Protein chains: 2
Amino acid sequence: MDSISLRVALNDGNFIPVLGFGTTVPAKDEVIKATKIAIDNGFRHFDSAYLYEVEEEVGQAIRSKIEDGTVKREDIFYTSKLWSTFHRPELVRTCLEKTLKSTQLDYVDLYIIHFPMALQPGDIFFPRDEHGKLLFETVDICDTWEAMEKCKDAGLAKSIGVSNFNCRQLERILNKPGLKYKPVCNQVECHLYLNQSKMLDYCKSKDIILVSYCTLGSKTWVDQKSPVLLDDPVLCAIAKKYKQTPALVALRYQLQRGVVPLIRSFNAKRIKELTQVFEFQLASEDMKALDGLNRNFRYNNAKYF
Amino acid sequence: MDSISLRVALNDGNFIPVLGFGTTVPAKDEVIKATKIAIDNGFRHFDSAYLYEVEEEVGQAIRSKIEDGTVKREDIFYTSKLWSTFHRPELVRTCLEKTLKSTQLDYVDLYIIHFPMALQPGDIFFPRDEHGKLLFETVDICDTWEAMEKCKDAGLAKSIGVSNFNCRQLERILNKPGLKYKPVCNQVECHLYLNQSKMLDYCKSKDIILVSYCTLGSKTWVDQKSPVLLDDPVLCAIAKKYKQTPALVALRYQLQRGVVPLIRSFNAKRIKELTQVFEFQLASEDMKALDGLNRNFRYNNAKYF
Ligand SMILES: NC(=O)c1ccc[n+]([C@@H]2O[C@H](COP(=O)([O-])OP(=O)(O)OC[C@H]3O[C@@H](n4cnc5c(N)ncnc54)[C@H](OP(=O)(O)O)[C@@H]3O)[C@@H](O)[C@H]2O)c1
Ligand SMILES: NC(=O)c1ccc[n+]([C@@H]2O[C@H](COP(=O)([O-])OP(=O)(O)OC[C@H]3O[C@@H](n4cnc5c(N)ncnc54)[C@H](OP(=O)(O)O)[C@@H]3O)[C@@H](O)[C@H]2O)c1
């Protein structure tokens with residue numbers, strides 16, 4: 001409570017709280033209680049999406065705190081994402097309007113395209129053919145982007161950005177003739193093992209913020225790899241040295257390099273743990289040491305990449 | 001209520017209700033309410049497992065109905081499965097005892113080895129190296145089997161069987177010198193696209209019942225063939241002809257060929273739908289037609305095979 005709700009600038013004049021809180025269940029019912037505990041602890045940046053099927057639950061939690069006067073609408077930064085089946089220029093706002101109806105907020109502070117790939121419009125999140133294969137559809141991202149800009153103009157989304165865009169896809173938008181508004185962020189997976197320096201540097205020059213997910217490394221018989229990031233000896237070494245936890249040093253690392261981290265805990269003790277992230281600093285030797293962990297490993301829980 | 005709780009013989013003198021009900025969440029809290037609605041509708045065969053982490057919830061649901069006198073302990077057939085970390089002969093009963101403690105039942109009607117592979121004993125379901133790879137362990141299934149037989153002798157498990165065993169693994173048990181009790185079943189994935197005729201015929205000769213899961217066909221950008229079995233045109237054709245639903249014909253097909261199906265619905269209308277499965281019959285032309293769908297596709301949601 002206090003510093004983790006302080007803001008960083010967006011290229012459109014808006015500011016975003018420096019630490020975000022993800023809203024993804026693993027009972028929907030627990031989402032609302034976690035959001036409430038999070039808000040009481042200083043969190044002002046909530047990240048959800050159409051896909052998550054929990055925006056209703058997140059709205060109730062947010063509005064409970066507006067009602068009890070803990071927070072005002074303007075104190076909350078709420079992010080939502082456009083789902084793939086709604087990539088057609090005409091269906092973009094349909095998607096956003098469903099979010100606004102579900103959350104009961106008048107607008108969203110940040111609307112971002114969840115993925116660049118488009119899927120056929122329907123009532124299914126991931127539609128498939130007879131052989132159970134995804135029904136992709138070709139819709140030029142510049143067309144979806146234009147629809148996004150219309151959303152911002154209509155005042156339904158304060159800011160607009162993207163998520164999971166690579167260098168060429170990001171450039172495509174930036175070089176689209178008649179660009180009205182450029183993305184304010186690029187939400188990508190980023191952590192000690194997949195640090196995204198190229199992407200980060202590119203963003204800094206384009207004046208775009210990189211929002212990280214799977215920051216702390218995020219039951220089946222097969223997948224062979226997933227090293228548990230928080231068990232890393234170098235990390236545990238440096239945590240032990242600063243008398244911190246592996247998770248805080250991992251988070252502090254993202255903050256010091258200019259990334260707006262996304263975290264998520266449904267545990268009241270771990271939620272409070274995270275608010276102490278600004279209580280120390282990583283000395284450069286330690287920063288370089290951490291940069292060394294980059295082994296380019298992607299968890300890609302969504303099997304997208 | 002009435003016919004779906006009628007029993008079929010087991011090779012050890014016991015009988016098993018003809019239609020089973022699976023207990024796998026997708027809130028634990030909803031499991032107990034579904035089990036109760038299921039029991040009120042005639043279901044007497046409940047299938048759970050150590051792995052599911054819901055045996056406690058299933059016990060409360062079962063015992064609520066014993067208490068209200070709807071059902072007696074002897075009317076319920078409860079199945080549980082030995083988890084892989086408990087494959088060592090010494091840890092087998094530890095596993096079963098945890099189940100009995102968790103469910104508060106004096107014994108289980110059927111105890112089966114969930115998978116043939118063994119994993120190192122621990123407090124983790126799926127233990128992995130510092131490199132994200134499963135800690136397998138070699139324990140001869142005939143040794144685990146011997147431990148199982150001891151469970152039946154101790155009267156902790158009325159019947160014992162296996163799950164996910166292929167032809168050679170199944171034979172290994174059947175040919176183990178000094179076999180005391182042979183498995184009563186082999187719980188395997190079986191449905192219109194993966195019908196298991198070889199396995200079924202083998203079982204019929206060995207006098208072993210084949211219990212099916214993923215009967216009705218049971219997400220992600222994985223262009224991962226997830227053909228929706230209930231959307232199959234041939235199925236929908238034959239359903240339409242009998243004025244039934246795709247799901248009932250799919251279920252009736254398993255019943256007519258000698259399989260004890262496992263189903264699962266947390267929806268009170270679909271639970272009641274399923275009790276009407278014996279209200280019609282599939283004429284042989286239709287049976288052969290359905291047999292034709294066998295395209296050998298495995299959903300293997302557990303990524304085991
Ligand atoms: N744009 C996209 O495509 C995309 C994709 C994935 C996620 N996201 C966003 O990112 C959010 C978080 O994603 P994620 O869960 O994958 O990221 P993550 O933060 O790396 O993983 C969350 C895990 O960290 C554990 N944890 C939390 N606080 C901790 C602490 N103090 N110490 C140790 N462990 C801690 C949590 O478990 P416990 O509760 O046990 O601590 C949880 O299992 C999502 O809700 C969503 O908002 C976006
Ligand atoms: N031995 C093993 O390794 C193993 C592995 C997997 C499963 N199992 C057992 O099998 C049980 C069921 O497994 P499963 O869920 O994979 O099998 P499944 O029955 O093929 O899949 C269940 C799905 O069928 C839908 N459904 C249920 N009734 C329906 C109806 N009347 N009409 C149309 N759809 C219907 C349910 O959703 P709705 O609620 O929306 O209807 C649910 O999504 C498990 O709980 C477990 O007991 C064992």
# chains A, B, ... in the order shown; residues from 1 in each chain; ligands from 1
$ residues_around --residues "range 142-152 of chain B" --least-positions-apart "3" --cutoff "9 Å" --atoms "only C-alpha atoms" --output "ChimeraX atom specification"
/B:86-93,96,111-113,139,155-161,172-173,176,179-182
$ write_last_selection --atoms "N, CA, C and O atoms" --output "short mmCIF file (atom, residue, chain, number, x, y, z; two decimals), in the first residue's frame"
data_model
loop_
_atom_site.label_atom_id
_atom_site.label_comp_id
_atom_site.auth_asym_id
_atom_site.auth_seq_id
_atom_site.Cartn_x
_atom_site.Cartn_y
_atom_site.Cartn_z
N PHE B 86 2.79 -44.28 -5.06
CA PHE B 86 2.55 -45.34 -4.08
C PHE B 86 2.61 -46.75 -4.68
O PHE B 86 1.97 -47.66 -4.18
N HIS B 87 3.42 -46.93 -5.71
CA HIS B 87 3.54 -48.24 -6.34
C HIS B 87 4.38 -49.27 -5.59
O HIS B 87 4.26 -50.46 -5.84
N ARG B 88 5.29 -48.82 -4.73
CA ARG B 88 6.13 -49.75 -3.97
C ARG B 88 5.20 -50.62 -3.13
O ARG B 88 4.27 -50.12 -2.51
N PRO B 89 5.49 -51.92 -3.06
CA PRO B 89 4.67 -52.84 -2.28
C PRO B 89 4.32 -52.32 -0.88
O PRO B 89 3.18 -52.47 -0.44
N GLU B 90 5.26 -51.66 -0.22
CA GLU B 90 5.02 -51.14 1.13
C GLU B 90 4.08 -49.94 1.20
O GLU B 90 3.32 -49.80 2.16
N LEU B 91 4.13 -49.07 0.20
CA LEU B 91 3.30 -47.87 0.19
C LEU B 91 1.90 -48.03 -0.39
O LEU B 91 1.12 -47.07 -0.38
N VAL B 92 1.58 -49.21 -0.90
CA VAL B 92 0.28 -49.44 -1.52
C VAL B 92 -0.87 -49.22 -0.56
O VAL B 92 -1.79 -48.42 -0.83
N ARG B 93 -0.79 -49.87 0.60
CA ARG B 93 -1.85 -49.76 1.59
C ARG B 93 -1.88 -48.40 2.27
O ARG B 93 -2.90 -47.98 2.80
N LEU B 96 -4.21 -46.53 0.09
CA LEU B 96 -5.60 -46.93 0.31
C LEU B 96 -6.12 -46.41 1.63
O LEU B 96 -7.23 -45.91 1.70
N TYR B 111 -10.58 -51.20 -5.95
CA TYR B 111 -9.32 -50.48 -5.91
C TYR B 111 -8.55 -50.88 -7.16
O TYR B 111 -8.39 -52.07 -7.45
N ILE B 112 -8.10 -49.89 -7.91
CA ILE B 112 -7.40 -50.17 -9.14
C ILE B 112 -6.13 -49.34 -9.26
O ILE B 112 -6.06 -48.24 -8.71
N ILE B 113 -5.11 -49.90 -9.91
CA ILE B 113 -3.85 -49.19 -10.15
C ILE B 113 -4.16 -48.18 -11.28
O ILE B 113 -4.49 -48.57 -12.39
N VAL B 139 9.32 -50.25 -10.65
CA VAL B 139 8.71 -51.13 -9.68
C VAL B 139 7.90 -52.07 -10.55
O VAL B 139 7.12 -51.63 -11.38
N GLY B 155 -9.46 -57.15 3.41
CA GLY B 155 -10.82 -56.67 3.37
C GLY B 155 -10.95 -55.17 3.24
O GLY B 155 -12.02 -54.64 3.49
N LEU B 156 -9.89 -54.49 2.81
CA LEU B 156 -9.95 -53.04 2.64
C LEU B 156 -10.52 -52.66 1.28
O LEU B 156 -11.00 -51.53 1.08
N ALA B 157 -10.41 -53.58 0.33
CA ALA B 157 -10.91 -53.36 -1.01
C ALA B 157 -11.69 -54.62 -1.33
O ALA B 157 -11.16 -55.71 -1.18
N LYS B 158 -12.97 -54.48 -1.67
CA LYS B 158 -13.75 -55.65 -2.02
C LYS B 158 -13.21 -56.28 -3.29
O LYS B 158 -12.97 -57.47 -3.33
N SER B 159 -12.98 -55.48 -4.32
CA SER B 159 -12.44 -55.97 -5.57
C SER B 159 -11.22 -55.13 -5.94
O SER B 159 -11.06 -54.02 -5.44
N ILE B 160 -10.35 -55.68 -6.78
CA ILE B 160 -9.14 -54.99 -7.26
C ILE B 160 -9.05 -55.11 -8.78
O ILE B 160 -9.46 -56.11 -9.37
N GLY B 161 -8.56 -54.07 -9.43
CA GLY B 161 -8.45 -54.11 -10.87
C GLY B 161 -7.34 -53.19 -11.31
O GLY B 161 -6.51 -52.78 -10.51
N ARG B 172 0.88 -59.76 -18.38
CA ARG B 172 1.91 -59.91 -17.38
C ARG B 172 1.29 -60.28 -16.06
O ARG B 172 1.76 -61.19 -15.39
N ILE B 173 0.19 -59.62 -15.70
CA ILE B 173 -0.49 -59.91 -14.46
C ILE B 173 -1.12 -61.29 -14.57
O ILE B 173 -0.88 -62.17 -13.74
N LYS B 176 1.45 -63.95 -14.24
CA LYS B 176 2.34 -63.90 -13.10
C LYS B 176 2.19 -65.20 -12.31
O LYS B 176 1.08 -65.58 -11.95
N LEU B 179 -0.53 -66.14 -9.18
CA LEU B 179 -1.57 -65.13 -9.23
C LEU B 179 -2.65 -65.59 -8.23
O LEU B 179 -3.04 -66.76 -8.22
N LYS B 180 -3.06 -64.70 -7.33
CA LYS B 180 -4.09 -65.05 -6.35
C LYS B 180 -5.47 -64.54 -6.82
O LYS B 180 -6.47 -65.26 -6.76
N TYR B 181 -5.50 -63.32 -7.32
CA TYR B 181 -6.72 -62.69 -7.79
C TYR B 181 -6.40 -61.95 -9.06
O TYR B 181 -5.43 -61.19 -9.11
N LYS B 182 -7.19 -62.17 -10.10
CA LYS B 182 -6.96 -61.45 -11.35
C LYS B 182 -7.82 -60.18 -11.35
O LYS B 182 -8.83 -60.09 -10.63
#
$ residues_near_ligand --ligand "ligand 1" --cutoff "9 Å" --atoms "only C-alpha atoms and all ligand atoms" --output "PyMOL selection string"
chain A and resi 20-26+46-49+52+79+81+112-115+162-164+186-189+191+211-218+230+245-248+261-274+299-302+304
$ interface_residues --of "chain A" --to "chain B" --cutoff "8 Å" --atoms "only C-alpha atoms" --output "PyMOL selection string"
chain A and resi 27+125-126+128-134+219-228+302-304
$ closest_residue --among "B:6, B:58, B:174, B:39" --to "ligand 2" --atoms "only C-alpha atoms and all ligand atoms"
B:58
$ select_by_dssp --residues "range 82-287 of chain B" --states "alpha helix (DSSP H)" --output "VMD selection string"
chain B and resid 92 to 103 141 to 153 167 to 174 197 to 206 233 to 242 246 to 256 268 to 274 284 to 287
$ atom_distance --atom1 "CA of residue 240 in chain B" --atom2 "CA of residue 17 in chain B"
28.4 Å
$ closest_residue --among "A:8, A:13, A:62, A:106" --to "residue 31 in chain A" --atoms "only C-alpha atoms"
A:62
$ select_by_dssp --residues "range 147-210 of chain A" --states "strand (DSSP E or B)" --output "ChimeraX atom specification"
/A:157-163,185-189,191,194,209-210
$ write_last_selection --atoms "N, CA and C atoms" --output "PDB file, in the first residue's frame"
ATOM      1  N   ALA A 157     -12.336   3.075 -24.283  1.00  0.00           N
ATOM      2  CA  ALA A 157     -11.063   2.577 -23.797  1.00  0.00           C
ATOM      3  C   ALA A 157     -10.193   3.808 -23.676  1.00  0.00           C
ATOM      4  N   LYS A 158      -9.659   4.071 -22.488  1.00  0.00           N
ATOM      5  CA  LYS A 158      -8.787   5.221 -22.331  1.00  0.00           C
ATOM      6  C   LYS A 158      -7.523   5.036 -23.155  1.00  0.00           C
ATOM      7  N   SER A 159      -6.888   3.881 -23.042  1.00  0.00           N
ATOM      8  CA  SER A 159      -5.688   3.594 -23.802  1.00  0.00           C
ATOM      9  C   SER A 159      -5.876   2.267 -24.535  1.00  0.00           C
ATOM     10  N   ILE A 160      -5.108   2.054 -25.601  1.00  0.00           N
ATOM     11  CA  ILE A 160      -5.148   0.818 -26.387  1.00  0.00           C
ATOM     12  C   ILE A 160      -3.725   0.289 -26.595  1.00  0.00           C
ATOM     13  N   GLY A 161      -3.567  -1.021 -26.594  1.00  0.00           N
ATOM     14  CA  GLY A 161      -2.254  -1.587 -26.783  1.00  0.00           C
ATOM     15  C   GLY A 161      -2.379  -2.964 -27.383  1.00  0.00           C
ATOM     16  N   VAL A 162      -1.313  -3.742 -27.314  1.00  0.00           N
ATOM     17  CA  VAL A 162      -1.326  -5.088 -27.855  1.00  0.00           C
ATOM     18  C   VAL A 162      -0.695  -6.067 -26.864  1.00  0.00           C
ATOM     19  N   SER A 163      -0.745  -7.342 -27.212  1.00  0.00           N
ATOM     20  CA  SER A 163      -0.215  -8.392 -26.367  1.00  0.00           C
ATOM     21  C   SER A 163       0.255  -9.521 -27.290  1.00  0.00           C
ATOM     22  N   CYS A 185       1.616  -0.332 -24.964  1.00  0.00           N
ATOM     23  CA  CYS A 185       2.309  -1.469 -24.377  1.00  0.00           C
ATOM     24  C   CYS A 185       2.324  -2.667 -25.302  1.00  0.00           C
ATOM     25  N   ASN A 186       3.087  -3.668 -24.902  1.00  0.00           N
ATOM     26  CA  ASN A 186       3.140  -4.924 -25.598  1.00  0.00           C
ATOM     27  C   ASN A 186       3.237  -5.890 -24.433  1.00  0.00           C
ATOM     28  N   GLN A 187       2.121  -6.535 -24.090  1.00  0.00           N
ATOM     29  CA  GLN A 187       2.116  -7.492 -22.988  1.00  0.00           C
ATOM     30  C   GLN A 187       2.659  -8.831 -23.471  1.00  0.00           C
ATOM     31  N   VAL A 188       3.850  -9.180 -22.996  1.00  0.00           N
ATOM     32  CA  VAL A 188       4.483 -10.420 -23.377  1.00  0.00           C
ATOM     33  C   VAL A 188       5.040 -11.145 -22.161  1.00  0.00           C
ATOM     34  N   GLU A 189       5.280 -12.436 -22.333  1.00  0.00           N
ATOM     35  CA  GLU A 189       5.844 -13.258 -21.284  1.00  0.00           C
ATOM     36  C   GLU A 189       7.273 -12.792 -21.123  1.00  0.00           C
ATOM     37  N   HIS A 191      10.581 -12.971 -18.062  1.00  0.00           N
ATOM     38  CA  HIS A 191      11.060 -13.391 -16.759  1.00  0.00           C
ATOM     39  C   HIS A 191      12.560 -13.641 -16.814  1.00  0.00           C
ATOM     40  N   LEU A 194      13.485 -15.805 -19.811  1.00  0.00           N
ATOM     41  CA  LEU A 194      13.030 -15.284 -21.101  1.00  0.00           C
ATOM     42  C   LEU A 194      12.923 -13.795 -20.837  1.00  0.00           C
ATOM     43  N   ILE A 209       5.684   0.587 -23.450  1.00  0.00           N
ATOM     44  CA  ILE A 209       6.053  -0.166 -22.265  1.00  0.00           C
ATOM     45  C   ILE A 209       5.836  -1.643 -22.461  1.00  0.00           C
ATOM     46  N   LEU A 210       6.718  -2.416 -21.859  1.00  0.00           N
ATOM     47  CA  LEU A 210       6.649  -3.849 -21.929  1.00  0.00           C
ATOM     48  C   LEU A 210       6.074  -4.321 -20.607  1.00  0.00           C
TER      49      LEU A 210
END
$ closest_residue --among "A:80, A:85, A:41, A:5" --to "residue 138 in chain A" --atoms "only C-alpha atoms"
A:85
$ closest_residue --among "A:9, A:296, A:18, A:239" --to "residue 256 in chain A" --atoms "only C-alpha atoms"
A:18
$ atom_distance --atom1 "CA of residue 198 in chain B" --atom2 "CA of residue 184 in chain B"
17.3 Å
$ atom_distance --atom1 "CA of residue 203 in chain A" --atom2 "CA of residue 168 in chain A"
12.6 Å
$ residues_around --residues "residue 2 in chain B" --least-positions-apart "6" --cutoff "10 Å" --atoms "only C-alpha atoms" --output "VMD selection string"
chain B and resid 41 to 43 275
$ decode --residues "range 49-130 of chain A" --atoms "C-alpha atoms" --output "short mmCIF file (atom, residue, chain, number, x, y, z; two decimals), in the first residue's frame"
data_model
loop_
_atom_site.label_atom_id
_atom_site.label_comp_id
_atom_site.auth_asym_id
_atom_site.auth_seq_id
_atom_site.Cartn_x
_atom_site.Cartn_y
_atom_site.Cartn_z
CA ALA A 49 -9.76 -10.46 -20.19
CA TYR A 50 -12.84 -11.64 -22.08
CA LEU A 51 -11.25 -15.10 -22.24
CA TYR A 52 -10.80 -15.40 -18.45
CA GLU A 53 -14.57 -15.49 -17.88
CA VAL A 54 -14.11 -13.62 -14.62
CA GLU A 55 -14.67 -9.96 -15.47
CA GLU A 56 -18.05 -10.03 -13.74
CA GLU A 57 -16.39 -11.35 -10.59
CA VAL A 58 -13.65 -8.70 -10.89
CA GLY A 59 -16.17 -5.91 -11.32
CA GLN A 60 -18.06 -6.85 -8.16
CA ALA A 61 -14.80 -6.85 -6.21
CA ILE A 62 -13.76 -3.46 -7.61
CA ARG A 63 -17.16 -1.85 -7.08
CA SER A 64 -17.41 -3.24 -3.53
CA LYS A 65 -14.34 -1.12 -2.73
CA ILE A 66 -15.72 1.94 -4.55
CA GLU A 67 -18.89 1.58 -2.48
CA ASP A 68 -17.04 1.22 0.79
CA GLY A 69 -15.07 4.30 -0.23
CA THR A 70 -11.68 2.58 -0.13
CA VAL A 71 -11.09 3.56 -3.73
CA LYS A 72 -12.69 5.66 -6.49
CA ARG A 73 -13.15 4.56 -10.15
CA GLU A 74 -10.36 6.92 -11.17
CA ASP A 75 -7.98 5.20 -8.76
CA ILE A 76 -8.37 1.90 -10.51
CA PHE A 77 -6.63 0.97 -13.72
CA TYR A 78 -8.49 -1.87 -15.36
CA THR A 79 -7.14 -3.76 -18.36
CA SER A 80 -9.13 -6.04 -20.65
CA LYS A 81 -8.22 -7.85 -23.88
CA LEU A 82 -9.98 -8.31 -27.26
CA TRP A 83 -10.53 -12.03 -27.96
CA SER A 84 -9.53 -13.55 -31.32
CA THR A 85 -13.01 -14.39 -32.55
CA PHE A 86 -13.69 -10.63 -32.38
CA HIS A 87 -10.87 -9.49 -34.66
CA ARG A 88 -13.11 -8.34 -37.53
CA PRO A 89 -13.34 -4.54 -37.54
CA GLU A 90 -17.12 -4.77 -36.94
CA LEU A 91 -16.96 -7.17 -33.99
CA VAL A 92 -14.23 -5.33 -32.07
CA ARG A 93 -16.54 -3.01 -30.17
CA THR A 94 -19.05 -5.79 -29.66
CA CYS A 95 -16.35 -7.49 -27.65
CA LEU A 96 -15.51 -4.37 -25.61
CA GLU A 97 -19.18 -3.68 -24.96
CA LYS A 98 -19.61 -7.16 -23.53
CA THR A 99 -16.73 -6.42 -21.13
CA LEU A 100 -18.23 -3.07 -20.07
CA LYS A 101 -21.61 -4.71 -19.48
CA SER A 102 -20.06 -7.55 -17.54
CA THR A 103 -17.91 -5.33 -15.29
CA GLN A 104 -20.35 -2.44 -15.01
CA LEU A 105 -17.49 0.01 -15.51
CA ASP A 106 -18.20 2.87 -17.93
CA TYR A 107 -14.96 2.21 -19.78
CA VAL A 108 -11.71 0.23 -19.54
CA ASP A 109 -8.42 2.02 -18.92
CA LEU A 110 -6.52 -0.18 -21.34
CA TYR A 111 -7.83 -2.35 -24.15
CA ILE A 112 -5.36 -4.62 -25.87
CA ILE A 113 -5.50 -7.24 -28.65
CA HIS A 114 -4.86 -10.51 -26.76
CA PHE A 115 -3.20 -12.33 -29.70
CA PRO A 116 -2.44 -11.37 -33.32
CA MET A 117 -4.13 -14.46 -34.80
CA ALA A 118 -7.81 -14.22 -35.69
CA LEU A 119 -10.38 -17.00 -35.28
CA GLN A 120 -13.82 -17.19 -36.87
CA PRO A 121 -16.58 -15.25 -35.08
CA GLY A 122 -18.81 -17.47 -32.99
CA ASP A 123 -19.96 -18.35 -29.49
CA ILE A 124 -16.98 -20.65 -28.99
CA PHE A 125 -13.63 -19.40 -27.71
CA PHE A 126 -11.60 -21.89 -29.78
CA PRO A 127 -13.74 -23.16 -32.74
CA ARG A 128 -12.55 -26.31 -34.57
CA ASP A 129 -13.28 -28.43 -37.67
CA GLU A 130 -14.31 -32.11 -38.00
#
